[PDB]
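Asker: Once you've had a glance at the structure underneath, I'll fire off some questions.
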Ligand SMILES: CCCCCCCCCCCCCCCCCC(=O)OC[C@H](COP(=O)(O)OCCN)OC(=O)CCCCCCCCCCCCCCCCC
C-alpha cells in the first residue's frame with residue numbers, strides 16, 4: 003500500500019520543490035547584479051583577512 | 001519574487017494531477033503555505049524598496065497587497081467548496097485553475113517594476129474574472145455583467161497603453177525607479193492635460209469612480225462567491241495602486257486637474273451611501289458600500305499628501321477584508337434560502353447565534369469602529385482632506401453618518417426581528433462557514449494591534 | 002523597411018557568417034525552456050483533441066513536439082541576437098560618424114540648475 | 002478638399018465671419034454631396050425625382066450644419082475678443098448639432114449631436130493650437 | 053412544454069447523511085481531514101507563527117536608529133549652543149543662484 | 114536621495130524629542146504651566162519653524178531635488194527682499 007500512498011500523495015512535493023527552485027533562481031539572479039559590490043560610497047569597506055566577497 | 005511566483009505555477013499541476021476528492025484539501029493547504037511564505041515580504045526598508053531583480057521589486061505599498069491576495073486565495077477555495085458540490089471533477093479543476101491564474105497575475109501585477117508589464121498583467125487579470133463570472137454565475141444577468149465589466153475596463157485602459165508607449169518614446173524608460181528619479185514637471189498644455197486624462201481615467205474606471213461604476217454592481221451581484229470576493233477585495237485595489245504609482249510623473253498638473261474627480265468622488269460617497277439606505281438586495285448594498293469606500297480612497301490619492309497615502313493604503317486593506325467578509329456572510333444567507341432579497345429572511349439571530357455575532361462584528365468594522373484600521377485610514381484621509389479644505393469635513397461627516405445608518409440597517413433587517421414562519425430549511429451553521437468568518441475577521445484585529453505594516457511607504 | 006537593403010546582405014540567408022562571432026544561446030536559456038513548454042502544451046492539446054489520455058498517451062510524439070520546438074527556438078534565438086547586435090553596431094557606427102549630429106552637452110550640477118518648485122497644498 | 006480647407010484656414014479666425022461661414026458652408030456642401038452620391042450608389046432611389054430629393058435633403062442639411070458652425074464660432078470669437086480658444090469651436094459644434102437635430106426632428110439626436118460635435122470641434126481647435134497631426138508623415 | 057428538461061432537484065442536506073458533518077465534503081473521512089488541515093494550517097501556523105514573526109521582525113525601518121541619531125544630534129547641538137534644527141537642508145555655498 | 118531620506122527621518126525624530134520635552138514640562142508644571150514651561154515653548158517654536166521651512170509642502174512624492182528647488186526659491190525670495198530693502 004506504500005506505493006499507493008506515493009501514487010496518491012506525490013503531488014504534495016510540487017509546491018515545496020517549487021519554493022526551493024524559486025529560492026535558487028532568486029540567488030542566481032542576485033549573482034548577476036554584482037557590478038557595484040563593495041564599491042558604493044556608503045558601504046565601501048576593506049575585506050576581512052578571510053573573505054573574498056562582501057555579500058553573495 | 002520567484003520564491004512566491006513558482007509555487008503558484010506548481011499549484012496548477014498539483015491541482016490537475018490530484019485525486020478527485022483531494023483537490024480542495026491540497027489547494028487549501030498549499031495556498032496557506034504560500035501565504036505563510038509571502039508573509040516575509042512585510043520586512044520592508046525605510047528609504048528604498050526591495051529590488052530583487054531587473055523585473056520584480058517589492059515596496060511598502062506592494063507587500064500588504066501581495067499578502068492580502070495570498071491570504072484571500074484559500075478563503076475563495078473554501079467558498080468554492082461551499083457552492084460547487086455537484087460540479088464535475090474537470091470543471092472543479094478548471095475553477096481552481098482560474099483562481100490560481102488570477103492570483104498569479106495579481107502577484108506579478110503588484111510586483112512588476114515597469115509600467116508596461118504592469119499594464120499587461122493588470123489587463124491579463126480580466127480573462128479569468130470574466131470566465132469565472134460568465135461561466136459559474138447563477139442568474140441570467142451574468143453575461144450582461146461580464147460584458148459591462150470587460151468593456152468598461154478596456155475603454156478605460158486602452159488610452160493608458162497609448163500614453164505609456166508615448167511616455168517611453170519621449171523619456172527613454174518606463175521603469176518606475178527611473179521615472180521617479182528622472183521625473184520632470186508637467187507643463188499646463190492641452191497635450192499634457194490629455195495624457196493626464198488618459199492615465200487617470202484608466203485607473204479611475206478601474207477604481208471605480210462615481211459615474212463610471214455601474215459595472216461594479218452588475219458584476220458583483222451576478223458573480224459567484226469567489227468572484228465577488230476577489231472582485232471587491234483585490235481587483236478594486238489595482239486602480240488605487242496604479243494611481244499611487246502613476247502620479248509621480250503627473251505633477252504639478254495633478255494640482256489643477258483634480259477638482260472634477262474630487263467633486264465626483266465626494267458627491268459619489270454621498271449618493272452611494274444614500275443608495276445603500278434604500279436597497280432591496282444585500283449584495284447590491286455591499287457593492288455600493290465598496291463604491292463609497294473606493295471614492296474616499298480616490299479623494300485621498302487626488303489630494304496627494306503624505307497623510308493621505310497612508311490612510312489610502314490602510315483603508316484599501318481594511319475595505320478589502322471587510323467586503324470579503326460581508327460577501328461571505330451574504331452568500332451563506334443566500335445559500336440557505338436561495339434568494340438575495342434582504343427582507344425575505346429575518347430572525348437569523350434567533351435561528352443562528354454565531355452567525356449573528358459574525359454579522360455584528362462585520363457591520364461594526366464596516367462603519368469604522370475604533371481602533372480598527374478602517375477607522376485609522378478614514379481618519380487619516382479626513383484629516384488630510386481637512387487640511388486641503390474645511391468643507392470636506394462636512395462631506396465626510398455626513399458620509400460617515402449615512403454609512404453607520406445603512407450598516408446598522410442591514411444588520412437589524414437581516415438578524416433582528418421575528419423569523420419568517422414559512423422558511424423551515426435554516427440548518428445550523430457549518431464549521432467551514434464559521435472558520436471562514438473567523439479567518440476573515442482575526443487578521444483585521446491583528447492589523448489593528450500592529451498598524452504600521454499597512455500604512456504604505458510614507459510611514 | 003529598415004534592415005533590408007543593408008550592404009553585404011546575402012538574400013535568403015537565415016544566419017550569415019558574421020553571426021558566428023556572437024555567443025550562442027545557452028541550452029538552459031529561459032527562452033528555450035519556454036519554447037519547450039510550448040511544445041509540451043501543443044502535445045497535451047493534441048492528446049485532448051484526439052481524445053487520448055492527456056498526460057500519459059503519446060509520449061514519443063510529445064517528446065518530438067518538445068524537441069522540434071527547442072530546435073527551432075534555438076535557431077530563432079541565434080538569429081534574433083544577431084539582428085540586435087547588428088542594429089547596435091550600426092547605431093554606434095553612425096553616432097561615431099556624425100559627431101555634429103550627436104554632440105556632447107555640458108553637465109550642470111543641480112546646484113547650478115534652476116528648477117521651479119510647485120508646492121502641494 | 003485640400004483647397005477648401007486651405008481657404009478656410011487662410012481666412013483669419015476672429016475676422017471675416019461672412020467669408021468663414023461661406024467656406025464652412027462650401028465644405029459642408031461638398032461633404033453632403035459625397036454622402037448623397039454614396040447613398041444613391043448603395044441604396045438606389047425609386048425614381049429620379051426621389052433621388053434628387055434625397056440629394057437635396059442631405060446637401061441642405063450638411064450645408065446648414067456647416068454654415069451654423071462657422072457663423073456661431075466666428076461670432077463668438079469676435080464678441081469675446083479671445084481667439085485661439087477651443088470654447089468658440091465647442092459652441093459652434095453644439096450649434097451645428099442642434100441644427101442637425103432640428104433638421105431630423107429629434108430632441109435626443111439634437112442633444113447627442115450637440116455634445117459630440119462640440120467635443121470634436123474643441124479637439125480640432127486644440128489640435129490646431131498644439132500642432133497635432135492626424136495622418137503623420139513617416140519620421141522614424 | 054418546450055424542452056425535455058430535468059426537474060429542478062431538491063437541495064441535499066449534509067447533516068441528514070452525516071450528523072457530524074463539518075460542511076466540507078459529503079465523505080465523512082475527507083470532510084474530517086479537510087476540517088483538520090484547514091484549522092491546523094490556517095489558524096495555528098498562519099495566525100500564530102506569522103503574527104509572532106511580524107511582531108519580532110527586525111527593525112529594518114531604522115526607527116530606533118533614527119531616534120538614537122536624533123538624540124546624539126540634539127545633545128551635540130545644545131551642548132555647543134547651535135540651533136537644534138538647521139535653517140537650510142543644503143549648503144548655500146555649494147548652491148549657485150542664477151544671476 | 115538615500116542620504117536625504119535618512120536626514121529627514123532624523124529631523125522628524127528631533128521634532129518628536131522636542132515635543133516630548135514640551136508635553137512632559139507642561140504636565141510637570143501643572144497649574145502654572147503658562148509661565149514656567151515657556152522655555153520649551155520657544156525651543157519648540159524654533160524647531161517647528163525650521164522643520165516647516167525645510168520640509169514644507171513637498172507632497173507625497175517628495176525628493177531631494179524638490180527640497181533643493183524649494184530652498185533655491187526661498188533663497189531667491191530672500192535675496193530679492195534684501196535687495197529691495199537695502200536698495
Ligand atoms: C456623475 C454623476 C452624474 C452626472 C450626470 C447626470 C446626468 C446629466 C444629464 C441628464 C440628462 C439631460 C438631458 C439630456 C438629453 C436631452 C434630450 C432628450 O432627452 O431627448 C429626448 C426627448 C425627445 O422628446 P420627444 O420624443 O420629441 O417628445 C417627448 C416630449 N416632448 O427630448 C425631450 O423631451 C426634450 C426635453 C428637454 C428639456 C430640457 C433639458 C435641460 C437639461 C439638458 C441640458 C443641460 C445643459 C447643461 C450645461 C452645463 C454647462 C456647464
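Chains as they are written, first to last, in full-length UniProt numbering: chain A, 3 to 58; chain B, 1 to 459; chain C, 2 to 122; chain D, 2 to 141; chain E, 53 to 151; chain F, 114 to 200.
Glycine included, C-beta positions come from ideal geometry on N, C-alpha and C.
1. Taking 7 Å as the cut-off, does the CB of residue 108 of chain D come closer than this to any heavy atom belonging to ligand 1?
2. Starting from residue 191 of chain B, find everything on chain D with Cβ-Cβ shorter than 8 Å and list it in chain order.
3. Mind listing the chain E neighbours of residue 115 of chain C? Cutoff is C-beta to C-beta under 7 Å, in chain order.
4. Are the region 204-213 of chain B and the region 255-273 of chain B in contact at 8 Å, needing three or more beta carbon pairs?
5. Strictly under 8 Å for the Cβ-Cβ distance: is residue 171 of chain B near chain F by that measure?
6. From what residue to what residue does the alpha helix (DSSP H) around residue 497 of chain B run?
7. Hey, which unbroken runs of the alpha helix (DSSP H) at 4 residues or more fall wholly within the region 118-188 of chain B?
8. With a threshold of 8 Å between beta carbons, is residue 122 of chain F in contact with chain B?
9. Taking 7 Å as the cut-off, is the CB of residue 112 of chain D close to at least one heavy atom of ligand 1?
10. Between the region 46-60 of chain B and the region 30-40 of chain A, do at least 3 Cβ pairs fall closer than 8 Å?
11. By Cβ distance, which residues of its chain are closer than 6 Å to residue 306 of chain B, with the 5 residues on each side in sequence left out?
12. Is there a Cβ of chain C sitting closer than 8 Å to that of residue 166 of chain F, yes or no?
13. Can you confirm whether residue 54 of chain E, when its beta carbon is compared against all beta carbons of chain B, has any partner nearer than 8 Å?
14. Just checking, does the region 8-22 of chain B make contact with the region 17-24 of chain A on the three C-beta pairs under 8 Å criterion?
15. Locate the alpha helix (DSSP H) running through residue 71 of chain C, then write down its first and last residues.
16. Nearest to residue 19 of chain C by alpha carbon, out of C:79, C:70, C:62, C:50?
17. Thinking just about the alpha-carbon of each residue, which of C:33, C:116, C:54 is nearest to the one in residue 180 of chain F?
18. Does the region 16-23 of chain D touch the region 65-76 of chain D, meaning 3 or more C-beta pairs lie closer than 8 Å?
19. Enumerated in chain order, which unbroken segments of the alpha helix (DSSP H) with a length of 4 residues or greater are wholly contained in the region 207-260 of chain B?
20. Are the region 270-285 of chain B and the region 169-180 of chain B touching by the rule of at least three beta carbon pairs closer than 8 Å?
21. If we ignore side chains and look at the alpha-carbon of each, how far apart do residue 290 of chain B and residue 76 of chain E end up?
22. State the DSSP-derived secondary structure class of residue 510 of chain B, mapped to helix, strand or coil.
23. Across the region 280-290 of chain B and the region 213-232 of chain B, are there enough close Cβ pairs to call them in contact, namely three or more that are closer than 8 Å?
24. Pick helix, strand or coil for residue 17 of chain D, following the three-state DSSP scheme.
25. Can you look up residue 110 of chain B in the DSSP assignment and give me helix, strand or coil?
26. Can you tell me which of the three DSSP states residue 58 of chain B falls into?
27. By the three-class DSSP mapping on this structure, what secondary structure does residue 341 of chain B have?
28. At what residues does the alpha helix (DSSP H) containing residue 7 of chain C begin and finish?
29. In whole angstroms, what is the alpha-carbon distance linking residue 248 of chain B and residue 174 of chain F?
30. Cβ of residue 33 of chain D within 8 Å of Cβ of residue 63 of chain D?
31. Could you give the residue range of the alpha helix (DSSP H) that holds residue 177 of chain F?
32. Does the distance between the C-beta of residue 406 of chain B and the nearest non-hydrogen atom of ligand 1 fall short of 7 Å?
33. Taking buried to mean at least 16 other C-beta atoms within 10 Å of its own C-beta, is residue 433 of chain B buried or exposed?
34. Smallest Cα separation from residue 317 of chain B: which of B:280, B:367, B:377?
35. Consider the Cβ of residue 251 of chain B: report whether some Cβ of chain F lies at a distance smaller than 8 Å.
36. 8 Å is my cut-off, CB to CB: does residue 119 of chain F come that close to chain B?
Answerer: According to the structure shown:
1. yes
2. 131, 133
3. 150
4. yes
5. no
6. No information on residue 497 of chain B is available, as it lies outside the stretch 1 to 459 that chain B covers here.
7. 126-136, 142-171, 176-181
8. yes
9. yes
10. yes
11. 458
12. no
13. no
14. yes
15. 60-98
16. C:79
17. C:116
18. yes
19. 215-222, 225-230, 237-246
20. no
21. 29 Å
22. Outside the modelled stretch of chain B, which goes from 1 to 459, sits residue 510 of chain B, for which no answer is possible.
23. yes
24. coil
25. helix
26. strand
27. strand
28. Per DSSP, residue 7 of chain C belongs to no alpha helix (DSSP H) and is neither H nor E.
29. 6 Å
30. yes
31. 177-198
32. no
33. buried
34. B:377
35. yes
36. yes
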